[PDB]
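Residue-level listing of the chains:
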Amino acid sequence: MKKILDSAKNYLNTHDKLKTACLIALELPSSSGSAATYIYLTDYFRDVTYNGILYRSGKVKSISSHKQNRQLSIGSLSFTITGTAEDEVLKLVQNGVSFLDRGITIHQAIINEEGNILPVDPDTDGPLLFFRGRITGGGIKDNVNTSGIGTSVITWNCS
Amino acid sequence: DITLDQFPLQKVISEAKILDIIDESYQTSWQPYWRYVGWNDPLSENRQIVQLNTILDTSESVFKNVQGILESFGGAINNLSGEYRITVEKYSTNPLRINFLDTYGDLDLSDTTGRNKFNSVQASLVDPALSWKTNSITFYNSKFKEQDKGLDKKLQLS
Amino acid sequence: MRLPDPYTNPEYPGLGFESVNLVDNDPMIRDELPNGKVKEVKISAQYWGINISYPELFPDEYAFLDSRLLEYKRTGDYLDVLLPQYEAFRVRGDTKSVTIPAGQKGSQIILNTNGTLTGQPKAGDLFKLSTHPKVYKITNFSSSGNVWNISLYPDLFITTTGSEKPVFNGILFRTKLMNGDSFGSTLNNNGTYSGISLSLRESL
Amino acid sequence: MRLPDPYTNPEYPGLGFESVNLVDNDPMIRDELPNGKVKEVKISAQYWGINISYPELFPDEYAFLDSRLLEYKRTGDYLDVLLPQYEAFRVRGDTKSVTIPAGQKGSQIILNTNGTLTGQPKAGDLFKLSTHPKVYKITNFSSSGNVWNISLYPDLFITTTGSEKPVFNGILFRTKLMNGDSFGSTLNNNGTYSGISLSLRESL
Amino acid sequence: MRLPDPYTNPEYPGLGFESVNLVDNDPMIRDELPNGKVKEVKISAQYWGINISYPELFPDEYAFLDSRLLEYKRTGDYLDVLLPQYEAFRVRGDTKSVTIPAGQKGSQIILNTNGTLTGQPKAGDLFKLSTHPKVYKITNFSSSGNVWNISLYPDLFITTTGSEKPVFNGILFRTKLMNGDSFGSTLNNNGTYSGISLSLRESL
Amino acid sequence: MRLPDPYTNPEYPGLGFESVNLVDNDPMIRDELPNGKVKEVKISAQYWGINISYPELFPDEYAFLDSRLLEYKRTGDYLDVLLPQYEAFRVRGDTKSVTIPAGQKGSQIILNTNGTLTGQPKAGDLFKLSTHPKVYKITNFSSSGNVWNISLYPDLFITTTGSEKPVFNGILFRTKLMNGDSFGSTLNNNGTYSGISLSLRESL
Amino acid sequence: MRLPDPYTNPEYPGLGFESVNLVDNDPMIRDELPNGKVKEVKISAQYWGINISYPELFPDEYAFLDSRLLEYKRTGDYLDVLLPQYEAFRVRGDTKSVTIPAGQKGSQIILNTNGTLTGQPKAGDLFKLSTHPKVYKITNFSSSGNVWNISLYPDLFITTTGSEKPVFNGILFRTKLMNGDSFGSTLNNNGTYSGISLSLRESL
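Residue positions are given from 1 per chain in written sequence order; they need not agree with the entry numbering, and residues without coordinates are hidden. Chain labels run from A onward and ligand labels from 1 onward, assigned in the order the entries are written. Only a portion of a larger assembly is shown here, and every reported value applies to that portion alone. Here the side-chain values reflect all heavy atoms present in the structure, with hydrogen atoms and water set aside.

Its PDB header names cryo-EM as the technique used to obtain the model and reports a resolution of 3.9 Å.

In structure tokens form, the structure reads like this:
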């Protein structure tokens with residue numbers, strides 16, 4: 001029971017072609033201890049900006065499904081950030097960092113014609129939260145087949 | 001029965017010498033029960049990494065007792081080249097320099113970092129300084145926990 | 001890089017296209033309810049897929065094609081394709097004085113022209129913003145003398161910064177080879193290279 | 001949108017279809033019983049599938065067609081298609097005074113007219129209710145002068161509000177493209193876009 | 001082995017190819033980002049794939065071909081194939097006086113000559129360094145009289161030792177058969193071994 | 001058992017082969033490293049796969065062919081095939097006095113001939129050792145008057161005992177039906193049995 | 001049931017087969033050993049597979065064929081097909097005086113006649129034992145006047161009881177349809193059931 005607002009109810013009932021966008025506010029794996037530095041990724045295509053930060057839109061190919069039944073079950077997701085982005089893979093495989101903590105918040109923003117249609121009644125009328133969890137993640141899978149296309153995806157696990 | 005001919009003696013001796021590299025951390029002066037730890041004759045060095053004293057109750061199983069010893073000193077038995085070749089964890093300046101271009105195309109990375117890394121450890125000994133009664137060793141780390149985010153997470157051991 | 005065209009250099013004929021396919025590649029997730037409705041959600045992006053097919057090439061034309069494609073491949077630059085299909089040269093004039101408001105988004109660019117643009121585009125003519133590479137097709141139009149509304153099918157990949165300018169003419173699709181993996185050309189007995197087809201895709 | 005046709009704007013000939021395929025898509029549950037009987041139970045909907053194909057299109061006609069299909073795609077509104085094969089202009093007259101009882105249901109509409117309709121619809125003529133999108137085909141007819149019963153193939157998805165009014169001609173299928181994922185436009189050497197086909201489905 | 005050709009020995013005509021296909025095998029990593037951009041990072045190697053085909057071969061010619069291919073297969077040595085399409089005999093002269101600086105890398109070789117080479121190589125002409133097997137194609141050229149820079153398609157697998165010397169003609173593709181698993185030889189009724197094709201790949 | 005040939009018995013024509021395919025069936029494991037190299041390891045063996053096709057057969061010829069093939073099946077003996085392709089009848093003379101050294105191995109046989117063999121074989125001629133069934137193809141040759149070495153493509157399945165003797169003439173591939181599972185022959189209206197094709201493989 | 005033939009009742013011409021295919025189904029175990037040898041062991045059975053096809057059948061003759069095939073299906077008895085290609089009426093005479101010793105086994109039957117058989121069977125002529133169903137083909141023959149040896153392709157499934165007698169003429173394959181799952185009969189516009197084919201297998 002998230003009240004979802006009557007405006008969002010009407011939009012979901014009528015519009016029938018809604019451009020879903022996810023707002024991933026990652027917290028960077030940081031070493032030696034400092035203030036938290038956040039990378040703001042989104043799936044969409046343009047650059048969807050919610051309440052300040054711009055949420056860059058050049059990564060995160062897909063997001064897993066949030067499967068959680070009536071049993072506390074370490075509810076887990078998994079990003080898929082392209083492994084051809086030097087910055088992300090570098091932050092992944094740098095030796096010295098530890099990221100036991102570091103929140104991941106995903107906002108599943110229902111894009112309006114021009115910029116988010118104001119659901120979530122208690123919160124400032126923005127998108128529903130989607131995960132709001134912690135990052136306990138894996139890493140690269142490279143293929144570089146000699147025949148042709150190979151894939152490379154960062155599988156950021158989070159639970 | 002392993003016939004003692006399936007072992008290569010030279011690397012077995014090498015790994016045994018890897019085990020008994022002197023631990024310049026403590027001193028023999030502060031070992032009260034020097035004898036019942038299991039080294040004879042004070043003055044001699046006796047400060048060796050992994051100085052395990054074993055009970056092998058022969059009622060459990062061969063498999064489980066052997067894996068218990070291996071978990072104790074840290075290692076594995078590996079009949080890869082046809083010989084058992086008991087290896088142990090080590091650091092050395094002569095490794096193999098494997099470049100990615102050499103291997104093949106597939107390369108999996110898997111950080112099991114959420115569950116399998118810790119900031120403080122707790123241990124459990126059968127201490128001769130307690131008349132063979134359980135004793136607990138614990139640390140904390142200011143570097144590690146500050147690296148994490150100030151999250152308390154203890155490794156537990158016996 | 002301007003993939004070679006007869007306009008660029010006509011001394012090598014036959015490098016002109018014989019069939020261009022604009023694949024309106026619009027990855028989108030479709031569900032078919034038993035209610036009768038179909039529900040679709042737009043994620044990812046839209047890339048115009050260009051399917052180039054070439055005729056038989058004599059050694060000189062194919063040598064030039066290899067020169068240009070290899071200079072494309074060894075470099076990081078992007079292939080540029082001009083489609084003669086849409087080079088209508090309407091609007092015309094200059095685009096320096098026309099201005100766009102602060103931030104538009106949402107598939108409509110409401111730009112006003114003072115006196116520098118003389119001509120109404122037809123619905124279906126390619127349109128581009130100066131700063132952002134990708135090419136938009138106009139799908140409706142309406143004018144109020146100086147201010148005219150323009151509606152685009154791809155939903156404005158870039159936002160508006162306030163200095164964006166239209167182009168309307170000489171627009172080039174930034175494209176990359178999707179056939180770079182296995183790009184071969186059989187040289188038959190006749191001495192002509194055959195079966196050289198290019199599958200292109202934008203790198204906006 | 002009233003997908004453009006020669007009826008809408010005839011200045012572009014060749015926008016008329018060269019083949020129309022009403023796929024009578026009838027989802028159901030079928031069990032081929034070991035007895036031998038086949039039992040059919042109908043759930044979900046009976047959505048008319050239209051698979052339109054086009055003749056050779058010159059660039060201007062296909063420019064207009066792209067305009068309309070892309071303004072479809074950028075917006076959410078449904079494609080509306082008027083099939084010329086069923087626009088026989090029977091019945092005719094006005095439909096304002098045509099009345100329908102409170103709640104009919106059950107695939108048989110008994111609509112009474114005073115004198116405002118002059119013409120008997122024939123079995124196989126498309127039928128629609130003004131309020132609800134879906135299009136029905138008439139499968140039988142019988143008249144009592146002012147009151148005639150009309151039997152539809154789909155079983156009246158919407159129940160009758162009591163203000164429904166038939167149309168009988170110029171009825172538009174609310175439809176959505178099922179080919180928008182990868183939509184291709186090959187330009188033949190002769191200068192005409194060839195083999196442009198559209199696959200459509202209702203969204204009642 | 002210098003896979004036999006009419007150039008090597010012409011007493012057996014028909015050993016010449018009837019179709020040569022340099023498959024520019026360029027393995028890499030490509031992700032079609034949801035942004036719309038395509039980012040490609042190149043690892044592995046850029047190995048030229050040759051798919052050779054032959055005319056109908058009389059039993060003596062194919063007997064000689066079997067000899068050479070089987071002395072290939074029993075040995076570990078590589079096939080060397082000299083492509084006639086790129087053997088224009090440009091450049092010419094001797095290559096002993098040609099010098100190359102210590103370490104070039106980065107797909108651009110600036111090789112300087114005193115006067116020993118008389119002729120400009122053309123874009124699309126095969127190029128090879130004497131020490132290292134793999135064959136490069138030239139994609140651009142410019143000269144300063146004694147010092148001319150040469151741009152190569154592959155990114156110079158071997159770094160320059162400082163004693164490298166170009167060849168520019170008669171360069172042999174060090175390659176290995178990819179069809180030796182099951183090699184077929186059908187002798188038609190007419191008496192000719194027909195449809196004998198070889199698929200090759202370098203072993204740089 | 002010597003599957004019937006026109007040389008064996010010419011009174012039944014059409015039992016002669018219309019297309020013979022020696023398949024160099026060489027099972028081998030190939031890895032393609034990103035380094036650029038390809039790595040190949042030889043295990044298993046080599047079996048010359050013979051792909052035989054027959055024309056339409058009149059009842060007499062097909063009755064004889066069934067007689068011989070059923071004699072092959074009910075017995076354990078191996079099919080023997082003589083290929084007219086390689087029956088060159090070079091070398092000639094007798095082979096009794098020629099000696100082979102004690103243990104040779106390794107794909108090269110160095111056999112010395114005193115005066116009993118008069119004629120140098122051409123590279124590509126089938127060669128067999130007297131005691132071991134499988135036939136080898138020569139792929140190079142060199143002679144020193146009395147001692148000439150022979151290089152074979154298959155790597156000498158048998159070792160050398162010291163009494164091995166060459167044959168050079170009339171060597172028959174030991175073969176077994178790989179089509180024995182479903183060996184059918186359609187008797188057409190024309191009265192001729194058609195579609196009788198044999199796929200043979202050695203049982204060395 | 002004796003699937004009808006023109007021999008049985010000729011008033012329906014066209015029930016004769018247009019194509020007969022004896023698939024010599026020979027199940028076995030084959031391992032292609034790494035040595036190169038192919039070793040096969042024979043288990044299961046050697047069941048003759050008949051693949052009958054018919055000319056275009058008029059409604060009456062195919063009505064009769066349906067009668068006989070459906071009377072086959074409703075009962076459990078096996079179809080009996082007599083192949084006309086092997087009914088050469090050799091051997092001839094009566095088969096009562098022919099005797100066979102106690103137990104022969106092993107694919108060679110040595111049957112002795114006094115004088116009652118007048119004619120030598122030929123290799124490839126079908127052979128059957130009266131007591132046991134399956135049909136054998138003769139693969140070799142030799143005679144000593146009263147005692148002649150006959151060699152069979154299948155290895156004598158039944159051992160000899162000591163009272164079995166050959167037939168040599170009009171021998172019927174006990175067979176079962178493998179097209180009874182879905183049997184199709186298309187009535188051409190011309191009035192003929194066309195392309196009626198049957199796939200049969202022995203049920204020895």
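There is more to say, and it comes next.
### Here's the deal with the state of the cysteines
Condition: By convention in this document, the label disulfide applies to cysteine sulfur atom pairs within 2.5 Å.
Counted according to the given criterion, the structure contains 0 disulfides over all chains. With no disulfide of its own, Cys22(A) lies closest to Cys158(A) among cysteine sulfurs, the gap being 12 Å.

### Considerations on the environment of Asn51(C)
Residue and element names in this part refer to chain C. To keep things clear, this is the line we draw: In this text, helices come from DSSP runs of H or I with a minimum length of four residues, and strands from runs of E with a minimum of two, each type numbered from the N-terminal end. Note on contacts: a residue pair qualifies if any of its non-hydrogen atoms lie within 4.5 Å across the two residues. Counted as a polar contact is a pair of N or O atoms within 3.5 Å, where, for protein atoms, one must be capable of donating a hydrogen and the other of accepting one, and residues adjacent in sequence contribute only when both atoms are in side chains.
With respect to the helices and strands, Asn51 occurs in strand β4 (residues 47–53). When the C-alpha positions of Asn51 and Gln85 are compared, they lie 14 Å apart, and in sequence the two are 34 residues distant. Apart from residues lying up to four places away in sequence, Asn51 is in contact with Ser19, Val20, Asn21, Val23, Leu198 and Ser199. Here the side chain of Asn51 touches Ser199 through a polar contact of 3.3 Å, side chain to side chain.

### With respect to the relation of the copies chain C and chain D
Just so we agree on the cut-off: Copies of the molecule are overlaid using a least-squares fit to their C-alpha atoms.
Superposition of chain C onto chain D requires a rotation of 58° combined with a translation of 0.2 Å along the rotation axis, giving an RMSD of 0.9 Å. What the rotation and shift describe, once combined, is the action of a six-fold rotation axis. No C-alpha of chain C lies nearer the rotation axis than that of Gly195(C), which sits 21 Å from it.

### A word on helix α2 (residues 86–93) of chain A
Residues and elements named next belong to chain A. Cut-off, in case you're wondering: Think of it in three bands: with a 1.4 Å probe and only protein chains considered, a residue is buried below 20% of the maximum accessible area for its type, exposed above 50%, and partly exposed in between. Our arc is simply the arc of the directions from the helix axis toward the C-beta atoms.
Here α2 has its buried residues at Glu88, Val89, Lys91 and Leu92. One side of α2 carries all its buried residues, which in axial view fall inside an arc of 160°. Buried residues along α2 sit in contact with β2 (38–42), β4 (77–82), β8 (140–142) and β10 (152–154).

### Details of the pairing of β4(A)
Residue and element names in this part refer to chain A. Stated formally: Any two strands with at least two DSSP bridges between them are considered paired.
Where burial is concerned, most of β4 is hidden: 6 out of the 6 residues are buried. Residues of β4 alternate between two faces, with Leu77, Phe79 and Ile81 on one and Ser78, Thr80 and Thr82 on the opposite face, all of them buried. Here 2 bridges tie strand β3 (residues 62–63) to β4, and the two strands are oriented antiparallel to one another. Within β4, the residue paired with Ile63 across the bridge is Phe79. The pairing of β4 with strand β11 (residues 157–158) spans 2 bridges and is antiparallel. For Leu77, the partnering residue across the bridge sits in β11 and is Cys158. Bridge analysis of β4 against β10 gives 2 bridges, and the strand direction is antiparallel. Bridged to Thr82 within β10 is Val153.

### Quick word on the interface of chain C and chain D
Heads up, the rule is: Note on definitions: buried area is the accessible-area loss of two parts on being combined, 1.4 Å probe, summed for both. One speaks of a salt bridge when a side-chain nitrogen belonging to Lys or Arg is within 4 Å of a carboxyl oxygen belonging to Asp or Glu. All residues other than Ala, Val, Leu, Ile, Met, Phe, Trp, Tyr, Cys, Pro, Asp, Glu, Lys and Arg, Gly among them, are scored as polar; the first ten of these are nonpolar and the last four charged.
Contact residues are listed per partner, giving 35 residues for chain C and 29 residues for chain D. Buried area between chain C and chain D, summed over both chains or domains, comes out near 2500 Å², and the portion from carbon and sulfur atoms is 46%. Here chain C and chain D share 4 salt bridges between them. The tally of links between chain C and chain D comes to 14 residue pairs in polar contact. Every element with two or more residues in the side of chain C that touches chain D is listed here: β1 (19–25), β2 (28–32), β3 (38–42), β8 (135–143) and β9 (147–152) of chain C. In terms of residue count, β1(C) provides more of the side of chain C that touches chain D than any other element does, 7 residues in total. Of the residues belonging to the side of chain C that touches chain D, the class tally is 13 nonpolar, 12 polar and 10 charged.

### Remarks on the side chain of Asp5(G)
With respect to the helices and strands, the residue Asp5(G) is situated in the segment before β1 (20–25). Excluding anything up to four places from it in sequence, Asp5(G) contacts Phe17(G) and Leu82(G).

### Brief notes about a nonpolar patch on the surface
All names here are of chain B. So the rule is basically this: Residues qualify for a patch when their relative accessible area is over 30% and they have no salt bridge, like charges being joined within 9 Å and the nonpolar side chains of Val, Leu, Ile, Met, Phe, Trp and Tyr within 5 Å. Here the open area of atoms and residues is found with the Shrake-Rupley method and a 1.4 Å probe, where only the protein chains shown may cover a residue.
There is a patch of nonpolar side chains on the surface, built from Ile21, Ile49, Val50 and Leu52 and spanning about 270 Å² of accessible area. As for its placement among the helices and strands, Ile21 is situated in the loop between α1 (9–19) and α2 (34–37). Look at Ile21 and you get partly exposed, because its relative accessible area is 43%.

### Some remarks on the pattern of salt bridges
Counting across every chain of the model gives 48 salt bridges over all chains. Ionic pairing is found between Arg134(A) and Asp101(A), a salt bridge with its closest N-O pair at 2.7 Å. Of the two residues, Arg134(A) is situated in strand β7 (residues 133–134) and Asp101(A) in the loop between α2 and β5 (103–111); the sequence distance between them amounts to 33 residues. Residues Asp5(C) and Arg2(C) are paired through a salt bridge, measuring 2.8 Å at the closest nitrogen-oxygen approach. Taking the relative accessible area as the measure of exposure, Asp5(C) reaches 5% and is therefore buried. Three or more residues are tied together by salt bridges with common partners; here these are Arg30(C), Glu40(C), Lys176(D) and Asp181(D).

### Brief notes about the packing of aromatic side chains
As a reminder of what qualifies: Only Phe, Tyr and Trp rings are paired, with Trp represented by its six-membered ring, and only when their centres lie within 6.5 Å; those with planes under 30 degrees apart are stacked, over 60 edge-to-face, the remainder tilted. Each ring is checked for a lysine NZ or an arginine CZ that lies within 6 Å of its centre and within 35 degrees of its normal; such an atom marks a charge sitting over the ring.
What the rule picks out here adds up to 39 aromatic pairs over all chains. Within the aromatic cluster, the residues linked to one another by ring pairs are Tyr38(A), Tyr40(A) and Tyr55(A). Residue placement shows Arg201(D) over the ring face of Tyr47(D); its charged tip is 3.6 Å from the ring centre.

### Quick notes on helix α1 (residues 59–74) of chain D
All names here are of chain D. Spelled out, the test is: Take the number of residues in a helix, subtract one, and multiply by 1.5 Å to get its expected span.
In this model α1 runs 22 Å from its N-terminal to its C-terminal C-alpha over 16 residues, within 8% of the 22 Å that 1.5 Å per residue would give. The buried fraction of α1 is high, at 12 of 16 residues. For α1, the full list of buried residues reads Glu61, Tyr62, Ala63, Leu65, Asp66, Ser67, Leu69, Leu70, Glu71, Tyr72, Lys73 and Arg74.

### Regarding unusual backbone geometry
Even without being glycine, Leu4(B) reaches a positive phi, approximately 65°. With respect to the helices and strands, the residue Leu4(B) is situated in the segment before α1. Among the residues examined, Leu4(B) registers a relative accessible area of 57% and is labelled exposed. Of note in the backbone geometry, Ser107(C) takes a positive phi value of approximately 65° without being a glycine. Position of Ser107(C) relative to the elements: it lies in the loop between β5 (79–81) and β6 (108–112). Accessibility expressed as a relative area gives 6% for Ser107(C), which makes it buried.

### Remarks on a negative patch on the surface
What counts is decided by this rule: Counted as positive: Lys and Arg. Counted as negative: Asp and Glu. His and the chain ends are not counted at all. For charged residues, the charge sits on one atom: NZ in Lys, CZ in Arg, CG in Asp, CD in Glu.
Judged by side-chain charge, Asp6(A), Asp121(A), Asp123(A) and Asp125(A) come together as a negatively charged surface patch. Within the secondary structure layout, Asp121(A) lies in the loop between β5 and β6 (128–129).

### A look at the environment of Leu187(F)
Take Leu187(F): it is sitting in strand β12 (residues 186–187). What makes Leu187(F) buried here is its relative accessible area of 16%. Spatially, the C-alpha atom of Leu187(F) lies 9.7 Å from that of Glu56(F), the residues being 131 residues apart in sequence. Residue contacts for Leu187(F): discarding those within four places in its chain leaves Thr192(F), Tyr193(F), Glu18(G), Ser19(G), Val20(G) and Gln85(G).

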